[PDB]
Amino acid sequence: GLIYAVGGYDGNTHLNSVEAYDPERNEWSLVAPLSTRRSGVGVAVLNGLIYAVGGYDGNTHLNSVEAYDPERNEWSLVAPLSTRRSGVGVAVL
Amino acid sequence: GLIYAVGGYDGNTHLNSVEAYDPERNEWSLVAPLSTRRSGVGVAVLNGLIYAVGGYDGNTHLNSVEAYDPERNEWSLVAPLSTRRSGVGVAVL
Amino acid sequence: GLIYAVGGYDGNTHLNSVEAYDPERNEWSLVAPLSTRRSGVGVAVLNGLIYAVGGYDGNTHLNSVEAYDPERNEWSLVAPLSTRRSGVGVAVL
């Protein structure tokens with residue numbers, strides 16, 4: 001029941017930070033950041049984990065993928081994509 | 001059972017417009033626009049509302065967030081992110 | 001139970017390729033590509049299909065929309081948006 005906002009680009013850097021919105025309280029709070037800065041990142045939820053797929057870290061388009069476990073507040077890197085992808089769409093089916 | 005397309009960038013302006021697709025009829029129709037133009041916007045659905053998170057309005061990267069109620073066809077602004085984020089990934093967990 | 005990564009931009013071209021992640025095996029595999037290269041594409045899942053909405057193909061911002069049927073491994077084009085939209089957010093409600 002939370003909305004997670006993962007990465008992106010502010011007016012100054014590509015972001016590794018992640019924040020979560022609680023609609024009951026109308027508040028966002030920062031949680032554990034990604035391993036890598038990622039804008040243009042695709043995000044999906046599968047088996048209670050949040051996957052962050054691809055993006056751009058300021059230095060290169062990314063093929064890496066990492067998964068967030070809310071029960072532990074940590075991200076871990078998993079198998080990368082076949083190709084670097086920023087501006088990627090992600091869905092779970 | 002509708003697909004909402006929120007904001008974006010055409011070949012001429014960043015967009016505040018929003019349109020909804022009905023697969024039964026293979027048609028898109030325009031609904032109420034966002035308060036702000038937003039490309040690179042993250043969108044998620046929680047408690048029957050559509051949240052539009054961050055993006056870019058042509059003038060600045062955005063920390064603002066707004067929520068759409070389909071029963072009223074209106075968007076309203078809620079608490080902003082801690083940081084401006086365009087190219088942000090959003091998921092609900 | 002798979003995560004699909006649709007389109008995007010590598011360090012060399014806008015992408016029509018699509019790959020699917022199986023968390024049980026920690027592997028991605030390439031499936032049928034989109035009709036069009038699409039970065040900045042919005043993706044959502046409705047009635048067992050994956051919709052790819054808008055984006056950019058290297059030549060132009062896109063109003064086209066296509067839908068993937070995993071049982072047939074094919075994409076087909078459906079009704080386009082009213083407006084070209086890349087950097088578009090997409091959700092299903």
Side-chain angles (χ1 to χ4, degrees), chain A residues 1-23 25-26 28-31 33-34 38-46 48-58 61 65-71 86-92, chain B residues 1-11 14-15 21 23 36 38-46 48-58 60-71 75-93:
Chain A
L2 302 175
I3 304 183
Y4 292 76
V6 176
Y9 185 62
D10 69 3
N12 120 102
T13 56
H14 304 261
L15 301 171
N16 61 353
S17 65
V18 174
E19 55 191 296
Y21 180 73
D22 185 346
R25 292 181 295 103
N26 190 42
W28 290 92
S29 73
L30 288 149
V31 300
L34 297 157
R38 295 179 187 275
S39 66
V41 61
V43 171
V45 174
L46 177 55
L49 303 176
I50 307 173
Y51 291 77
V53 175
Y56 190 69
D57 73 357
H61 300 265
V65 175
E66 55 192 296
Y68 180 71
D69 178 352
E71 168 193 0
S86 67
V88 61
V90 171
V92 175
Chain B
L2 302 175
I3 304 183
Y4 292 76
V6 176
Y9 185 62
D10 69 3
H14 304 261
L15 301 171
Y21 180 73
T36 339
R38 295 179 187 275
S39 66
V41 61
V43 171
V45 174
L46 177 55
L49 303 176
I50 307 173
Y51 291 77
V53 175
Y56 190 69
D57 73 357
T60 305
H61 300 265
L62 301 171
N63 63 351
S64 65
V65 175
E66 55 192 296
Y68 180 71
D69 178 352
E71 168 193 0
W75 289 91
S76 72
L77 288 149
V78 299
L81 296 155
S82 69
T83 179
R84 294 169 167 187
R85 299 178 184 274
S86 67
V88 61
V90 171
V92 175
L93 176 51

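A note on names: the letters A, B, ... follow the listed sequences, proteins ahead of strands, and every chain is numbered from 1.
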Per-residue tally against chain B (heavy atom, under 4.5 Å) across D10(A), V18(A), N12(A), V53(A) peaks at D10(A)

The interface call for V90(B) against chain A, heavy-atom contacts under 4.5 Å, is both

Exercise. What is the ring orientation for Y9(A) with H61(B), classed by angle as parallel under 30°, tilted 30 to 60°, or perpendicular over 60°?
Worked result: perpendicular

CH2 of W28(A) to CD1 of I3(A), rounded to nearest 0.5 Å, is 5.5 Å

Quick one: does any side-chain atom of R38(B) pair with a main-chain N or O of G54(B) as donor and acceptor, under 3.5 Å? yes

Sorted by chain and number, sequence neighbours left out, side chain to side chain donor-acceptor pair (under 3.5 Å) with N63(B) holds for none

With chain B, the option among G42(A), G11(A), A5(A) that has the most non-hydrogen atom pairs under 4.5 Å is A5(A)

